[PDB]
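> Generate a structure from the sequence data that follows.
(chains A, B and C)
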Amino acid sequence: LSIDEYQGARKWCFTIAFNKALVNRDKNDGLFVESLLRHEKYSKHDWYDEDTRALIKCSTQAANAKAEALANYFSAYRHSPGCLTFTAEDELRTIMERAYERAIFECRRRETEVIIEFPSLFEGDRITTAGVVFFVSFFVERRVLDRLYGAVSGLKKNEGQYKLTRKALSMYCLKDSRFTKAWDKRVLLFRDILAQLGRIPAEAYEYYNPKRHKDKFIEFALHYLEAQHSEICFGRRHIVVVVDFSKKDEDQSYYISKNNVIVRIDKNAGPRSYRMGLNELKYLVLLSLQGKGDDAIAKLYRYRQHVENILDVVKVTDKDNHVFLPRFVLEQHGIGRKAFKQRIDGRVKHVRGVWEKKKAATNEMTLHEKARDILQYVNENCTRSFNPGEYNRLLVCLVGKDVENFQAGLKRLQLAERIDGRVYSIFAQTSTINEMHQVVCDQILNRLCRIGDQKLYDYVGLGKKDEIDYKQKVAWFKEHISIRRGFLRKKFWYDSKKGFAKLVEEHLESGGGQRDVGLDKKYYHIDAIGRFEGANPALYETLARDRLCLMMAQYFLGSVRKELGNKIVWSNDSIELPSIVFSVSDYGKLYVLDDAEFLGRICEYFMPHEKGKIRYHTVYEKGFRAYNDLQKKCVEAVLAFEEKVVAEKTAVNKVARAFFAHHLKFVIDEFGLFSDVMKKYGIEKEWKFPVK
RNA sequence: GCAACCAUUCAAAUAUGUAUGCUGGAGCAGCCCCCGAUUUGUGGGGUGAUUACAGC
RNA sequence: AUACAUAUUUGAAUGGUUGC
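Numbers count the residues shown, from 1 in each chain, chains lettered A, B, ... in the order given. See the structure here:
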């Protein structure tokens, strides 16, 4: 239990962790401070007070020296216990206590209740097992620390306590992934695109893998366009809905509202910002994939100049330029005005149509849809409109089937003279949401079917009181320009008779990928119904956007194709590299390719008879797991050797060093000699090595 | 042929926090209808607005 | 009830280990 109780061969789990800390300190000497500050870069709120931050900044040499001392202590049979003492004074102790209390707070505040206590890092001026685990965490990948904690925890009886304690102790540990300089998001996007493409389009699923539920084209397109074009940045959303262009938070969601995004293009003399729809986005992706991205972005950048030129000469400009201008501009210059009579007719027809459809659909409509309709009726009949609180309260009643409380609400509005007795009364004969909804539809349609009076024009929103100056509207418009639908199409494919889908198909066939979707083509067309009927248009468009997404995936894989000197065979359901076959999805969030020598030796030494393609699962079970098992035995053996004693020597040192550092830099013959010397000195183990 | 343990992915259920209204402007954008059409069209209409909008 | 985030439980698919 206490750290003092780990003597001789029992030290092994700590030997492995601390040697890895040194392995990693030799790759990067800055890891203590890097790890301590990792999370605080993402926090407005200080993780540390000012003096703590100061101590952290000075601590590299101290922490690196302590790392070496403990590695020495844990790698020897007998070492002086002095290194296990941290005084109250100790810089490292203060740092550790602050970092730990911070981690606990971070854990607890995300839980619904406080269930457990956390282990102390210190007892008097002596580090505990938990303290030693915490110290090493700063230097090692999550998998190393989990392996250590798994060996030394007294807490595994209670799964919940074990995992929460582990969460705190492992707060500051490195990501498993060697390649990740926190820009390996292309790996995750690759997997996400493949996962989405493998889901069957909803409409095809219902007719004939999981079902696709969400269209993620825009999300993928934004990640791809930002990766390809450093001049471009899309609006991110936060709720205080605020749109900003900060790339400080990677997790932060893109602003996507009704298939619109906000783009900022930084060219020439400074950034220009536009709203861009799905239509323009998908053409931009298509153009980017074919190497015309820079040119497309140049044309979008210049778009505002054209608008500004047209704005001065609306009356005289070519009618073709009217497309770039909102109604209010054209109407100001006497273009496309409609008689109030015509505006009334269109408005009333629409609102009538909306309410006839609601009336027909009551039984099929959601409680939210029905509640909104009922509230829209009450609100429009109120002297003073609902405040947010009043609205919320009544909505909660309707959604919760609390018709009694809703009717008590109407009574209160009546007693307050906000609604008249008629409005209260029309609901008195109803007991259900559906009945109330029908009554409301009837009252509204009665109002809309009247011979056109002054009250009607106001009711349907044609009655303006407040006058905004045209010149204010123009100014607003100029800072809120949206790209005309079909803009990029007209700039690049003016005289093209090929639709979007055919342009995508032509690029796919001739572009050099030689890929297509891995879903059966039947999932993109219902053979039994006409080309243009039902879901067939939407599925055909989906085939084109999926093909774009496949090409985006092919671009992303390209980045990790650039990294290292290993070939890729990429299938729908596997990646093969020189061979190891990663299954499930792509890898199943795996790595291992970063140490090619080690993977080579793992395969050579633990799987000598296997040739050609080997499953990752097999490499793990027969290789990495087998290595880990052997490593425990060799470290335990080496420590027991030291205890007892306190070409053969060469081999012993090399094999020892290999197992201490988690590599295979020795030959089979050399393990023979190591094994011989262990046998000669009393310490046997069931080596299970070398392999048949 | 079956069970247990570990790892990975998907679906479903439960709890907690936050949001949901009004007025004016905005329909270049998004969406829908009609008209064509191996399908998403710088073809015609709409859309009491869904809002990088201003206030209460 | 809808949207978003966090946490917990169950089932299904895949591989390995153990027992008969």
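> CA atoms for contacts and neighbours, from now on please.
Will do.
> ok, now which ones touch residue A:551?
By CA atoms under 8 Å, 6 or more residues apart in numbering, the residues touching residue A:551 are A:289, A:513.
> Helix, strand, or coil at it?
helix (DSSP: H, G, I helix; E, B strand; the rest coil).
> try residue A:189
Assignment for residue A:189 (three-state DSSP): helix.
> Spell out which parts of chain A neighbour RNA strand C.
Applying CA under 7 Å from any atom of the strand, we find that chain A lies next to RNA strand C at A:110-111, A:160, A:366-368, A:396, A:399-400, A:584, A:617-618, A:621.
> Using the three-state scheme, assign the most centrally placed residue in chain A.
Centroid-nearest residue in chain A: residue A:251, 5.6 Å away (criterion: CA atoms, centre = their mean). With three-state DSSP as the basis, residue A:251 sits in coil.
> for it, what are its contacts?
Contacts of residue A:251 (CA under 8 Å, 6+ apart): none.
> how about it, phi and psi?
Per-residue torsions, residue A:251: phi -70, psi -20 (degrees, to the nearest 10).
> One more: residue A:575?
Per degrees, to the nearest 10, the backbone of residue A:575 is at phi -120, psi 130.
> ditto for residue A:582
Residue torsions, per degrees, to the nearest 10, at residue A:582 are phi -90, psi 120.
> separation between it and RNA strand B?
11 Å (CA to the nearest atom of the strand, to the nearest Å).
> Distance check, residue A:397 against RNA strand B.
11 Å.
> give the contact list for residue A:513.
Per CA under 8 Å, 6+ apart, neighbours of residue A:513: A:551, A:554.
> repeat that for 6 Å
Contacts for residue A:513 (CA atoms under 6 Å, 6 or more residues apart in numbering) come out as none.
> and if you look at the one 10 residues further on?
Contact partners of residue A:523, counting by CA under 6 Å, 6+ apart, are residue A:204.
> switch the cut-off to 7 Å
Residues near residue A:523 by CA atoms under 7 Å, 6 or more residues apart in numbering: A:200, A:201, A:204.
> Excluding chain neighbours, what is closest to the last one?
Residue nearest to residue A:204 in three dimensions, not counting chain neighbours: residue A:523, with 5.3 Å by CA to CA, 6 or more residues apart in numbering.
> Name the member of the contacts of residue A:523 with the most neighbours.
Counting neighbours by other CA atoms under 10 Å, residue A:201 leads those with 24 neighbours.
> Which residues are in contact with the residue nearest to that one when sequence neighbours are not counted?
On the basis of CA to CA, 6+ apart, the spatially nearest residue to residue A:201 that is not a chain neighbour turns out to be residue A:212, at 5.1 Å. Going by CA under 7 Å, 6+ apart, residue A:212 touches A:199, A:200, A:201, A:202.
> Quick check: phi and psi on residue A:212?
phi -80, psi 130.
> about what we covered before: now intersect the contacts of residue A:212 with the helices, please.
residue A:202 (DSSP state H).
> out of the contacts of residue A:212, who's nearest residue A:494?
residue A:201 (31.2 Å; CA to CA).
> which stretches of the stretch 1-150 of chain A form helices?
According to DSSP state H, counting those that start in this stretch, the stretch 1-150 of chain A carries its helices in the segments A:12-27, A:31-37, A:50-58, A:60-75, A:91-108, A:129-137, A:142-152.
> which one of those helices has the most crowded surroundings?
Between the helices of the stretch 1-150 of chain A, helix A:129-137 has the highest mean count of neighbours, a mean of 23, where neighbours are mean count of other CA atoms under 10 Å.
> After the strand or helix carrying residue A:439, which helix or strand is next?
Here residue A:439, judged by DSSP states H and E, is contained in helix A:433-448. Using DSSP H and E, the helix or strand that follows helix A:433-448 in sequence is helix A:454-459.
> Tell me the buried residues in that next one?
Neighbour counts over helix A:454-459 (16 or more other CA atoms under 10 Å) mark A:456, A:457 as buried.
> wait, does that helix make contact with RNA strand B?
Yes: Helix A:454-459 reaches RNA strand B (CA under 7 Å from any atom of the strand) through residue A:459.
> Figure out how far that helix is from the centre of its chain.
The chain centroid and the centroid of helix A:454-459 are separated by 49 Å under CA atoms, centre = their mean, to the nearest Å.
> Give me the distance from the helix or strand following it to the chain's centre.
Of the helices and strands lying after helix A:454-459 in sequence (DSSP H and E), the nearest is helix A:470-478. Computed by CA atoms, centre = their mean, the chain-centroid distance of helix A:470-478 equals 38 Å.
> That's all I had, so thanks and see you.
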